[PDB]
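Per-entry structural report
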Amino acid sequence: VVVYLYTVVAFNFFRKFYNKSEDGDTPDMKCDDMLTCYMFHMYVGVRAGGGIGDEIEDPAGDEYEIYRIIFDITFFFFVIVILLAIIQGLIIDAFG
Amino acid sequence: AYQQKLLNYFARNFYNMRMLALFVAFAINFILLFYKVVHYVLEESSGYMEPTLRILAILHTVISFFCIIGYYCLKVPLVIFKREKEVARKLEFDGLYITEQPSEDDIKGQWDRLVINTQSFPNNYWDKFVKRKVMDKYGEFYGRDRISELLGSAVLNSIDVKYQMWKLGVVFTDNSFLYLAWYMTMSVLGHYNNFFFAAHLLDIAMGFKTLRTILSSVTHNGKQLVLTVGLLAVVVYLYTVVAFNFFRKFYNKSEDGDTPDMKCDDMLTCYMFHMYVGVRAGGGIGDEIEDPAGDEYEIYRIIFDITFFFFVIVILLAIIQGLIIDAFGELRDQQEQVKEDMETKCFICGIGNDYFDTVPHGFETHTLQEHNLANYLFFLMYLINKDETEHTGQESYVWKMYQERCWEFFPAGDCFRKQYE
Amino acid sequence: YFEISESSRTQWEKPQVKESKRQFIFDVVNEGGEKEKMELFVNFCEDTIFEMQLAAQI
Ligand SMILES: Nc1ncnc2c1ncn2[C@@H]1O[C@H](COP(=O)(O)OP(=O)(O)OP(=O)(O)O)[C@@H](O)[C@H]1O
Ligand SMILES: Cn1c(=O)c2c(ncn2C)n(C)c1=O
Ligand SMILES: [Ca+2]
Ligand SMILES: [Zn+2]
């Protein structure tokens, strides 16, 4: 759910940051359609370790940059530091 | 009557209903994933989905409205009771609107001054003498005519409008009704848009038991948590002061002088760099920084490289995580402790667990056939319907004890067989 | 020994008030002193009568 609620944020409000191109050489691929944002997030942004701020472009001088870091930090420590660890904290006790 | 019978259908079917309003709120957010970009819906399974999301957003909104109609009939007379009771007890026993005159604190306690004046002030309290008792009680210290001044088609201007404005006041303070009003408009504001419509997944969290477990776990574990998050903002800042005064030339985001190289050492853009990059790195700071090659600060570079790592990432980040892993640990431990500090000891006799397992299978018999708190509720109902003349020796010794508010008569810790045999 | 009624027997089994038992059970087996616990139990018992009167209007 909380991954999906971040997908709703990025697709409505942050959608131009996703690129898999070699700076316009390839006809640049997107990850902001309806589902290919979400299936991108749960496949990449979970396993990253840097949250979402590792397979995404950099906020340079944009007018969304202050709202970019808030989305950058609170993706991290709400999903990776907290929500992934208490998943692991169960099975470590469930084998216990 | 059909207006009344259909309204009585809603208060009957309430918990049945909101369980369905969750299941619809999945079905939008199972379908709202089918966008493409202006925003438009595609199709893979059914040819038509623009009809479904049109009809469901109407079907959701009325079912959101059939709860707030049903809740106004069902639980509002309960909350109109427990409000009206605690006024009439305190005005009779200590007389706060006669003697204490309550201050600016607890405004809602001072809100109940538009109701003591009205006619129907014991509307649902089964006790219509709260006006006459206090005039009987406090007419010796205060004037009785002061007290009576203090107390007291064809129907549209022949109803107590001053009572309803107080009745509207005690409704809007209630939290559960307030949540239903917000859950109504977020169906209506999710009819303009549809992405500020997915705030109906909040119903997953805000149940009942999982709500008061969180509010207990916050007051028990929040003050430690914030001040350990607040510690992390300091020791990052104390490293920012070090790097900006003493190490500032190492930060680059250029392709070796091709771009007119960007810096991160001004005043704040060192610090906002550190807490955005150096925390989430895993290699501390030594991953988005240049290499100490042969510099005369290289020995002081590695010290800043190691002691950024294991003071912030290995230690300070882990004991942040070590709290919330335990703070969710009380979200299962607390609801289980209720279910097992109820089965050890009984409610009223308070005896315990072993003392009715010494006989074969006795604790269910000692509870469900001797003490059984519902039977005590059925007892207090029994003195109500029974006439006052007909009470026996027990049922009038109890009933006079219950009038004078005593409660010595409960079997405190010495239930029946613990004195017999 | 006394007489539990018939209509008052089914109405406590109604899920209308079977919720209100479960909220009251949860709030006294938690923190609260036993010198006022039975005080709180009777204040539960007074309003639980009032839910029986509503469920008779059904
Ligand atoms: N004085 C008491 N009166 C009644 N039940 C008691 C008392 N003391 C302890 N209990 C325990 O409370 C339990 C309530 O029954 P149980 O929880 O199994 O069914 P329920 O009440 O319908 O379920 P729920 O609690 O979910 O409503 C009983 O098992 C009983 O062991
Ligand atoms: C009239 N009446 C009472 O007088 C009463 C009561 N509960 C306690 N008392 C004292 N109930 C439910 C009641 O209806
Ligand atoms: Ca008699
Ligand atoms: Zn008992």
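**Here's the deal with the overall build of chain A**
Each helix and strand counted, chain A has four helices and zero strands in total. Tracing chain A from N to C terminus, the helices and strands come up as α-α-α-α. Seen through its C-alpha atoms, chain A measures out along the principal axes to roughly 50 × 25 × 20 Å. A separation threshold of at least 6 residues defines the contact pool for chain A, and within that pool the share at least 24 residues apart is 54%.

**Overview of the overall build of chain B**
If you tally the helices and strands in chain B, you get 18 helices and two strands. On C-alpha atoms alone, chain B measures out to a radius of gyration of 33 Å, which is more than a quarter above the 22 Å that the 2.2 N^0.38 rule sets for 421 residues. With the principal axes as the frame, chain B shows a C-alpha extent of 105 × 65 × 60 Å.

**Some details on the side chain of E330(B)**
All names here are of chain B. With respect to the helices and strands, the residue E330 is situated in helix 15 (residues 330–338). Within the buried core, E330 has no salt-bridge partner, and the shortest N-O distance to an opposite charge, that of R332, equals 14 Å. With near-sequence residues (within four places) excluded, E330 lies in contact with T213, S217 and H220.

**Considering the packing of helix 2 (residues 15–26) of chain C against helix 3 (residues 37–55) of chain C**
All names here are of chain C. Contact geometry for helix 2 and helix 3: axes closest at 11 Å, N-to-C directions at 170°. Between helix 2 and helix 3, the interaxial angle falls into the category roughly antiparallel. Between helix 2 and helix 3 lies a crossing of right-handed hand. Two secondary-structure elements touch here, helix 2 through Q16, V17, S20, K21 and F24 and helix 3 through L40, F41, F44, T48 and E51.

**Some remarks on the interface of chain A and chain B**
Each partner contributes residues to the interface: chain A has 26 residues there, and chain B has 19 residues. Broken down by secondary-structure element, the contributors of at least two residues to the side of chain A that touches chain B are helix 1 (2–13), helix 3 (65–79) and helix 4 (85–94) of chain A. A per-class count over the side of chain A that touches chain B returns 16 nonpolar, five polar and five charged.

**Let's talk about the site of ligand 1**
As a structural note, the neighbourhood of ligand 1 is formed by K339(B), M342(B), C346(B), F347(B), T367(B), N372(B), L373(B), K18(C), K21(C) and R22(C). Ligand 1 is flanked by residues contributed from chains B and C. Contact distances for ligand 1 include 3.4 Å between a nitrogen atom and a backbone N or O atom of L373(B). Within the side chain of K21(C), a nitrogen or oxygen atom sits 2.5 Å from an oxygen atom of ligand 1. Against a free-state accessible area of 620 Å², the protein chains account for coverage of 64% of ligand 1. Broken down by element, the shell around ligand 1 gets its largest block of residues, three residues, from helix 2 of chain C. Residues of the shell around ligand 1, tallied by class, amount to four nonpolar, two polar and four charged.

**What to know about the pattern of salt bridges**
Applying the stated criterion across every chain, the model contains 15 salt bridges over all chains. The salt bridge partner of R212(B) is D27(C), with a shortest N-O separation of 3.4 Å. Of this pair, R212(B) sits in helix 11 (residues 209–246) while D27(C) is found in the loop between helix 2 and helix 3, placing the two residues in two different chains. For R212(B), a relative accessible area of 43% corresponds to the partly exposed category.

**Describing the coordination of the zinc ion (ligand 4)**
Around the zinc ion (ligand 4), the donor atoms from the protein are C346(B) (SG) and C349(B) (SG), and they sit 2.4 to 2.6 Å away. One exposure class covers both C346(B) and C349(B), and it is buried.

**Some points on the site of ligand 2**
Around ligand 2, the surrounding shell consists of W126(B), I384(B), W399(B), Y402(B), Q403(B) and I49(C). The local environment of ligand 2 is shared, drawing residues from chains B and C. At a separation of 3.4 Å, a nitrogen atom of ligand 2 approaches a polar side-chain atom of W126(B). A total of 330 Å² of accessible area belongs to ligand 2 in isolation, and the protein chains cover 74% of it. For the shell around ligand 2, the leading source of residues is helix 18 (residues 394–403) of chain B, giving three residues. For the shell around ligand 2, the class distribution of residues is five nonpolar, one polar and no charged.

**Considerations on a negative patch on the surface**
A contiguous patch of negative charge, built from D326(B), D333(B), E336(B), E340(B), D341(B), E343(B), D354(B) and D357(B), is present on the exposed surface. With respect to the element layout, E343(B) can be found in the loop between helix 15 and helix 16 (363–371).

**Thoughts on the packing of aromatic side chains**
The final tally for this structure, using the stated rule, is 53 aromatic pairs over all chains. Taken together, a centroid distance of 4.8 Å and an interplanar angle of 25° make the contact between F77(A) and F78(A) stacked. What makes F78(A) partly exposed here is its relative accessible area of 43%. An aromatic cluster is built from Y6(A), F13(A), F14(A), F17(A), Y64(A), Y67(A), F71(A) and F75(A), whose rings are joined through pairwise contacts. The ring centre of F17(A) lies 5.9 Å from the NZ or CZ of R68(A), which sits over that ring. In this structure, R280(B) packs its charged tip against the face of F76(A), placed 5.3 Å from the ring centre.

**Looking at the arrangement of the chains**
Among the two pairs of chains in contact, the pair with the most contacts is chains B and C. Separated in space, chain A and chain C share no contact, their closest pair of C-alpha atoms being 25 Å apart.

Calculation notes
Residues numbered from 1 in each chain as written, not as in the entry; some residues may be left out. Chains lettered and ligands numbered in written order. Part of a larger assembly, values for the part shown. Heavy atoms only, no water. Residues with missing side-chain atoms left out of burial classes, pairs and counts. Helix = DSSP H or I, 4+ residues; strand = E, 2+ residues; numbered from the N terminus. Contact = heavy atoms within 4.5 Å. Rg over C-alpha atoms; globule rule 2.2 N^0.38 Å. Buried < 20%, exposed > 50% of the residue type's maximum accessible area, 1.4 Å probe, protein only. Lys, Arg positive; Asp, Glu negative; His and termini not counted. Salt bridge = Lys/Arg side-chain N within 4 Å of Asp/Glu carboxyl O. Axes fitted to C-alpha atoms, helices over the stretch in contact; angles between N-to-C directions. Parallel < 35°, antiparallel > 145°, perpendicular 65-115°, else oblique. Left-handed = near helix turned anticlockwise from the far one by under 90°. Nonpolar A, V, L, I, M, F, W, Y, C, P; charged D, E, K, R; others polar. Near = heavy atom within 4 Å. Polar contact = N/O pair within 3.5 Å; in protein donor to acceptor, adjacent residues only side chain to side chain. Areas by Shrake-Rupley, 256 points an atom, 1.4 Å probe, with all protein chains shown as cover. Donors = N, O, S within 2.8 Å, 3.2 Å for Na, K, Ca; no water. Patch = residues over 30% accessible without salt bridge, like charges linked within 9 Å, V, L, I, M, F, W, Y side chains within 5 Å. Charge placed at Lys NZ, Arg CZ, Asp CG, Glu CD. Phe/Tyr/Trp six-rings, centres within 6.5 Å; stacked < 30°, edge-to-face > 60°. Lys NZ or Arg CZ within 6 Å of the ring centre and 35° of its normal.

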